[PDB]
Amino acid sequence: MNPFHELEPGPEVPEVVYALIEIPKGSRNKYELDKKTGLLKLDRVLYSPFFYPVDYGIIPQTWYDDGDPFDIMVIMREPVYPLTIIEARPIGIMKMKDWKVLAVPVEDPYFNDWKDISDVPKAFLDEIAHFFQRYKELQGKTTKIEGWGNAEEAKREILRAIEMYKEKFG
Amino acid sequence: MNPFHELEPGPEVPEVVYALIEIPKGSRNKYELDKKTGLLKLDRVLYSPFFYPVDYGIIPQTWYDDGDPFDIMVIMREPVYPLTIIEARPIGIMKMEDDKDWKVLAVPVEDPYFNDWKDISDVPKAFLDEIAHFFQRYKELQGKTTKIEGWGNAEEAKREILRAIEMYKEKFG
Amino acid sequence: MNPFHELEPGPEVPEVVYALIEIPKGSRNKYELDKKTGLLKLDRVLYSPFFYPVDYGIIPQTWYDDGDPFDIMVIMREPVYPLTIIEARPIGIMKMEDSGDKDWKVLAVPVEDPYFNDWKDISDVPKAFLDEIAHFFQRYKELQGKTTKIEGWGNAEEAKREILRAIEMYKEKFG
Amino acid sequence: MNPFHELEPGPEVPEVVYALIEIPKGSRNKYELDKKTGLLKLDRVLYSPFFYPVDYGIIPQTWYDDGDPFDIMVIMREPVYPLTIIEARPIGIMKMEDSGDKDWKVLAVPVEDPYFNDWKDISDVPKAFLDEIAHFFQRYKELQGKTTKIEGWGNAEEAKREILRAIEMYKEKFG
Amino acid sequence: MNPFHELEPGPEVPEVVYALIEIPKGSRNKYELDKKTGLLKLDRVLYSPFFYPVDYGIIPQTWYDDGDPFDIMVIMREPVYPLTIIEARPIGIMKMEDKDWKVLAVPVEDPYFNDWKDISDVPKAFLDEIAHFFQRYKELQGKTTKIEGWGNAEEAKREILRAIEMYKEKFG
Amino acid sequence: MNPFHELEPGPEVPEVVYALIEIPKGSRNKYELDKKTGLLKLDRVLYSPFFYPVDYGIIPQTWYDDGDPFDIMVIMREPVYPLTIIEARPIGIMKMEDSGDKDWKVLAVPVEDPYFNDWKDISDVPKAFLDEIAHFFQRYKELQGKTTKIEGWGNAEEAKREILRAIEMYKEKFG
Ligand SMILES: [N+]
């Protein structure tokens with residue numbers, strides 16, 4: 001089974017979710033999942049020499065307004081491998097509806113005091129937004145980053161996404 | 001299920017195939033699949049300080065004249081992880097013979113760096129030489145010897161892929 | 001199926017076992033398997049700047065005193081990826097109790113790296129290397145308030161007996 | 001001695017120049033040389049998660065129209081270490097003007113990597129790779145508020161002429 | 001000339017100092033400088049599988065109580081290469097014993113750290129990890145080190161100025 | 001000053017020598033020193049996908065064959081950076097010819113990595129590792145049409161004898 005379907009959204013939803021990582025921090029290769037099997041698949045090589053600034057993936061058993069799993073960005077000191085599960089605490093949301101959750105690992109004590117969007121250095125939020133603003137520029141795509149929402153908003157959206165998945169897939 | 005059996009050979013065969021990568025470029029560890037489970041498995045550590053010059057794996061649902069999956073070499077700038085699927089355009093074929101053990105050479109469809117690589121003449125000669133030399137010498141300390149009987153072009157590679165897709169059906173179908 | 005349950009303990013047990021690697025040498029991230037799915041999972045980031053000194057994982061279809069799969073440490077020159085199977089020759093065993101639980105761990109070498117062809121017993125390992133591995137286990141959870149006791153190292157015969165015992169514990173637990 | 005002053009511009013200028021590399025391909029840290037000593041120095045950490053797409057450095061004993069050493073970008077498969085000299089064949093030139101000054105940069109390949117033996121002019125480079133390099137320079141300082149315009153790429157002949165100009169400009173300035 | 005002797009202590013001491021890095025974050029090899037030449041030298045391979053948690057080096061033209069240059073620890077996201085100079089803002093000081101204290105600093109030119117100005121800006125677990133590294137990394141060599149705690153940015157800056165003065169006394 | 005000329009051969013020659021490392025284990029880029037400045041320089045990219053199996057460099061103030069520095073190979077677990085000095089204990093010597101000239105190379109271990117404390121002679125090295133090093137030298141220039149011949153390995157006593165000869169020749173010939 002594709003792990004997107006097999007894994008639960010999290011152990012204490014929405015305060016703690018599972019993040020199924022597709023793309024380790026530092027990658028220029030953009031990975032996704034094969035729909036039928038759930039094997040890792042190369043979506044594309046980014047057209048610019050940019051790298052993912054976060055460990056990037058999806059929350060299992062979620063679906064969202066834009067017709068795809070709900071994306072999640074986990075701040076990790078040492079990247080994980082693709083297809084690794086991280087227990088993640090949502091701390092905010094990037095408003096790109098194609099919004100993406102920002103989260104920290106529960107089990108890295110470095111981040112113990114990161115509980116809301118105000119705990120993240122502004123330069124780091126700017127770097128993440130800039131990456132999503134420009135990484136597909138050479139593919140003729142544009143995106144506006146509207147801004148960042150707080151942890152409460154992120155959690156509300158996670159609950160919506162958990163419900164949408166149950167509705168679409170049963 | 002073992003992904004070698006579960007995945008299709010490609011989305012537009014033989015122009016575009018799936019390469020199931022087993023070994024990232026730069027690895028001295030030689031990985032294969034466990035037959036029953038499809039888990040990555042260490043076949044061996046190469047006996048010499050050589051590394052794979054390409055991302056290396058197999059085309060799903062293929063079987064080749066030599067009684068193994070058909071091997072494919074994908075030229076990647078940044079290596080992928082083992083068990084990653086790459087949509088790949090065949091551009092040629094290495095005529096390795098230990099005895100028909102030929103291997104497809106391909107480029108990723110979705111790396112625009114390679115957009116104009118469509119045939120064997122598009123590859124730098126020194127790079128074809130480096131790949132051939134690797135396969136010529138990497139098992140020398142294991143007492144194996146192999147001959148590289150040249151490179152074939154994209155048309156030849158594509159024909160061989162279709163033959164291997166049919167071989168698999170004959171064997172497992 | 002979780003590969004811990006699906007994969008046999010090894011091709012020629014206990015002389016050659018399968019090591020199902022969870023943590024590559026050089027990682028500070030400590031990985032484990034999700035019970036239901038067998039996906040790789042982050043257990044924790046180590047609280048100190050230590051890295052795993054060996055490729056670390058479990059022997060499939062084993063269980064041990066501490067209520068977990070039997071752990072195995074494979075000495076690899078180039079680390080493997082998580083969820084890679086290595087055919088491993090046991091050469092010794094680290095006798096360690098964690099919070100009062102027997103939590104011994106097999107030490108092994110890859111059968112198919114000729115560098116290790118003459119490593120067959122615990123006496124073939126450099127003393128400083130055994131010391132470094134023991135020290136890692138002695139101190140890696142110190143900042144989590146744990147204290148671990150390292151008893152010493154057993155030989156290849158002792159390791160192999162424990163592997164067979166653990167294969168049997170698994171059958172009792174899950175059979 | 002600062003190697004930027006001590007080394008010659010090249011062994012056969014402008015056909016073959018020395019590239020003194022400051023920044024390996026793959027770095028997000030932007031390095032420069034300390035003026036007095038010639039040690040490597042961190043200029044900045046790029047404000048965006050971008051990495052240098054080329055091995056990046058300077059041609060010794062050059063000075064360019066923007067009042068700096070003339071920059072050179074060497075296409076390398078495996079990155080070198082900072083302060084490594086590469087014998088480099090110029091193949092083209094990136095026409096950049098940033099913050100309002102003419103800050104063009106040579107594009108070159110290593111003479112001694114046979115992979116690049118048939119790269120001799122700008123037409124030999126994949127278009128997407130030229131695009132990626134230009135986009136990096138167009139956007140890597142966006143979060144610092146810096147204006148940039150990439151006018152396009154010149155050919156090997158143009159690059160070589162500019163190198164000779166820069167060699168002479170250094171003489172004209174430093175003696 | 002050995003860069004320890006050749007470089008100045010910093011461009012705006014003690015607010016901004018130069019850190020001459022010897023050991024990148026992530027190294028298990030412990031490097032130092034050859035005294036005569038200033039070439040990087042392997043001091044030892046750490047006896048345990050620990051890696052440096054910070055980019056580690058010295059402040060040029062300093063000397064300290066224990067008869068050595070004043071050590072500095074710089075928090076980088078991406079490690080630098082040995083013999084790289086970093087312009088560094090001191091934010092605190094690890095107290096370790098003769099006094100063998102070590103400055104904790106952040107790079108001026110990484111905006112990630114713009115709001116790191118004092119020891120209270122550092123995650124507690126990160127301070128704990130650095131202290132634990134120094135407490136235990138020589139344990140297999142028979143050494144013990146008590147970590148006495150962490151001082152603040154003001155304390156760190158005073159010690160930097162004291163060390164610049166001690167160098168002048170030692171070397172002229 | 002070029003460190004090859006400035007540094008001494010070692011602190012207790014020939015029992016402990018200095019190895020000035022040019023090429024870290026794992027490199028496919030072959031580095032050398034610029035004669036005039038002593039800066040690291042790319043000699044070539046190896047024509048085959050092979051990497052140096054050891055940390056490779058030279059013993060300072062030695063004169064071998066045609067007046068070249070004596071080469072030394074240091075076995076390191078974690079590679080060092082180019083231009084790093086390692087205190088090294090010679091344990092053997094690789095006897096080989098390159099383009100028809102004797103071009104023997106010392107094999108050594110780091111004094112200050114306790115992993116290697118009991119490595120003191122050529123018999124202490126796994127046979128497969130000696131074979132891997134020899135094979136690298138046998139084949140790494142094959143695509144350059146270069147002819148190398150590998151003769152075998154000498155022991156620590158022989159290695160030390162050859163180091164001292166090269167130290168003495170430098171005393172006679174340099175300058
Ligand atoms: N094979």
# chains A, B, ... in the order shown; residues from 1 in each chain; ligands from 1
call {"tool": "residues_around", "arguments": {"residues": "residue 93 (chain A)", "least_positions_apart": "3", "cutoff": "7 Å", "atoms": "only C-alpha atoms", "output": "PyMOL selection string"}}
result
chain A and resi 99-102+148-150+154
call {"tool": "calpha_fit_rmsd", "arguments": {"fixed": "chain C", "moving": "chain F"}}
result
0.7 Å
call {"tool": "residues_near_ligand", "arguments": {"ligand": "ligand 1", "cutoff": "9 Å", "atoms": "only C-alpha atoms and all ligand atoms", "output": "PyMOL selection string"}}
result
chain B and resi 32+68+101
call {"tool": "select_by_dssp", "arguments": {"residues": "chain B", "states": "strand (DSSP E)", "output": "PyMOL selection string"}}
result
chain B and resi 17-23+29-33+40-45+55-58+71-74+85-97+103-108+147-153
call {"tool": "closest_atom_pairs", "arguments": {"of": "chain A", "to": "chain D", "cutoff": "10 Å", "atoms": "only C-alpha atoms", "output": "Markdown table"}}
result
| residue | atom | partner | partner_atom | distance |
| --- | --- | --- | --- | --- |
| A:25 | CA | D:49 | CA | 9.9 |
| A:26 | CA | D:49 | CA | 8.4 |
| A:28 | CA | D:50 | CA | 9.5 |
| A:46 | CA | D:132 | CA | 9.4 |
| A:47 | CA | D:132 | CA | 6.3 |
| A:48 | CA | D:132 | CA | 4.7 |
| A:49 | CA | D:51 | CA | 5.8 |
| A:50 | CA | D:50 | CA | 4.2 |
| A:51 | CA | D:49 | CA | 5.8 |
| A:52 | CA | D:49 | CA | 7.0 |
| A:53 | CA | D:49 | CA | 5.8 |
| A:54 | CA | D:49 | CA | 9.7 |
| A:123 | CA | D:47 | CA | 7.4 |
| A:124 | CA | D:47 | CA | 8.4 |
| A:126 | CA | D:143 | CA | 7.9 |
| A:127 | CA | D:48 | CA | 4.8 |
| A:128 | CA | D:48 | CA | 7.6 |
| A:129 | CA | D:48 | CA | 9.2 |
| A:130 | CA | D:48 | CA | 6.8 |
| A:131 | CA | D:49 | CA | 6.7 |
| A:134 | CA | D:139 | CA | 8.2 |
| A:135 | CA | D:50 | CA | 9.7 |
| A:137 | CA | D:135 | CA | 8.7 |
| A:138 | CA | D:131 | CA | 7.8 |
call {"tool": "closest_atom_pairs", "arguments": {"of": "chain B", "to": "chain C", "cutoff": "7 Å", "atoms": "only C-alpha atoms", "output": "tab-separated table"}}
result
residue	atom	partner	partner_atom	distance
B:29	CA	C:78	CA	6.9
B:39	CA	C:84	CA	6.7
B:40	CA	C:84	CA	4.9
B:41	CA	C:85	CA	4.5
B:42	CA	C:86	CA	5.4
B:44	CA	C:112	CA	4.8
B:45	CA	C:113	CA	5.0
B:47	CA	C:114	CA	6.9
call {"tool": "write_last_selection", "arguments": {"atoms": "N, CA and C atoms", "output": "PDB file, in the first residue's frame"}}
result
ATOM      1  N   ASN B  29      29.290   0.855  -2.664  1.00  0.00           N
ATOM      2  CA  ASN B  29      28.422  -0.261  -2.312  1.00  0.00           C
ATOM      3  C   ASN B  29      27.539  -0.594  -3.515  1.00  0.00           C
ATOM      4  N   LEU B  39      13.117  -5.517  -0.979  1.00  0.00           N
ATOM      5  CA  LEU B  39      13.966  -4.663  -0.156  1.00  0.00           C
ATOM      6  C   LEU B  39      15.334  -4.483  -0.783  1.00  0.00           C
ATOM      7  N   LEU B  40      15.896  -3.295  -0.655  1.00  0.00           N
ATOM      8  CA  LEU B  40      17.258  -3.092  -1.101  1.00  0.00           C
ATOM      9  C   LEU B  40      18.167  -4.046  -0.308  1.00  0.00           C
ATOM     10  N   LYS B  41      19.193  -4.565  -0.973  1.00  0.00           N
ATOM     11  CA  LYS B  41      20.124  -5.485  -0.351  1.00  0.00           C
ATOM     12  C   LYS B  41      21.530  -5.176  -0.846  1.00  0.00           C
ATOM     13  N   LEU B  42      22.506  -5.257   0.042  1.00  0.00           N
ATOM     14  CA  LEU B  42      23.900  -5.119  -0.360  1.00  0.00           C
ATOM     15  C   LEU B  42      24.303  -6.386  -1.105  1.00  0.00           C
ATOM     16  N   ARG B  44      27.461  -6.523  -2.825  1.00  0.00           N
ATOM     17  CA  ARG B  44      28.844  -6.583  -2.408  1.00  0.00           C
ATOM     18  C   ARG B  44      29.332  -5.142  -2.226  1.00  0.00           C
ATOM     19  N   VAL B  45      30.487  -5.012  -1.581  1.00  0.00           N
ATOM     20  CA  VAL B  45      31.284  -3.782  -1.649  1.00  0.00           C
ATOM     21  C   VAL B  45      32.278  -3.997  -2.791  1.00  0.00           C
ATOM     22  N   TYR B  47      35.437  -4.401  -4.921  1.00  0.00           N
ATOM     23  CA  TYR B  47      36.742  -4.807  -4.407  1.00  0.00           C
ATOM     24  C   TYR B  47      37.829  -3.744  -4.650  1.00  0.00           C
TER      25      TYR B  47
END
call {"tool": "residues_around", "arguments": {"residues": "residue 163 (chain A)", "least_positions_apart": "6", "cutoff": "12 Å", "atoms": "only C-alpha atoms", "output": "list in words"}}
result
residues 9, 13, 14, 61, 62, 63, 64, 65, 69, 70, 156, 157, 169 and 170 of chain A
call {"tool": "residues_around", "arguments": {"residues": "residue 72 (chain C)", "least_positions_apart": "3", "cutoff": "7 Å", "atoms": "only C-alpha atoms", "output": "ChimeraX atom specification"}}
result
/C:19,56-59,105-107
call {"tool": "write_last_selection", "arguments": {"atoms": "N, CA, C and O atoms", "output": "PDB file, in the first residue's frame"}}
result
ATOM      1  N   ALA C  19      21.020  -8.402   8.504  1.00  0.00           N
ATOM      2  CA  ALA C  19      20.915  -7.187   9.278  1.00  0.00           C
ATOM      3  C   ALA C  19      20.061  -6.219   8.475  1.00  0.00           C
ATOM      4  O   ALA C  19      20.442  -5.851   7.363  1.00  0.00           O
ATOM      5  N   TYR C  56      23.487   0.410  12.004  1.00  0.00           N
ATOM      6  CA  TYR C  56      22.756  -0.124  13.160  1.00  0.00           C
ATOM      7  C   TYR C  56      21.378  -0.556  12.714  1.00  0.00           C
ATOM      8  O   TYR C  56      20.688   0.178  12.009  1.00  0.00           O
ATOM      9  N   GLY C  57      20.975  -1.733  13.137  1.00  0.00           N
ATOM     10  CA  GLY C  57      19.644  -2.170  12.784  1.00  0.00           C
ATOM     11  C   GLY C  57      19.221  -3.368  13.604  1.00  0.00           C
ATOM     12  O   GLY C  57      19.642  -3.531  14.763  1.00  0.00           O
ATOM     13  N   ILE C  58      18.365  -4.182  13.012  1.00  0.00           N
ATOM     14  CA  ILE C  58      17.768  -5.293  13.712  1.00  0.00           C
ATOM     15  C   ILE C  58      17.863  -6.552  12.853  1.00  0.00           C
ATOM     16  O   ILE C  58      17.986  -6.505  11.625  1.00  0.00           O
ATOM     17  N   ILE C  59      17.808  -7.687  13.525  1.00  0.00           N
ATOM     18  CA  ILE C  59      17.685  -8.950  12.838  1.00  0.00           C
ATOM     19  C   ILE C  59      16.187  -9.268  12.696  1.00  0.00           C
ATOM     20  O   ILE C  59      15.469  -9.300  13.693  1.00  0.00           O
ATOM     21  N   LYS C 105      23.721  -6.391  22.105  1.00  0.00           N
ATOM     22  CA  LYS C 105      23.682  -6.084  20.679  1.00  0.00           C
ATOM     23  C   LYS C 105      24.775  -6.830  19.947  1.00  0.00           C
ATOM     24  O   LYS C 105      25.936  -6.812  20.352  1.00  0.00           O
ATOM     25  N   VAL C 106      24.402  -7.502  18.865  1.00  0.00           N
ATOM     26  CA  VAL C 106      25.370  -8.263  18.086  1.00  0.00           C
ATOM     27  C   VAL C 106      26.314  -7.300  17.349  1.00  0.00           C
ATOM     28  O   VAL C 106      25.880  -6.273  16.825  1.00  0.00           O
ATOM     29  N   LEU C 107      27.594  -7.635  17.302  1.00  0.00           N
ATOM     30  CA  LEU C 107      28.566  -6.965  16.454  1.00  0.00           C
ATOM     31  C   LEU C 107      28.888  -7.872  15.270  1.00  0.00           C
ATOM     32  O   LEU C 107      29.186  -9.035  15.457  1.00  0.00           O
TER      33      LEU C 107
END
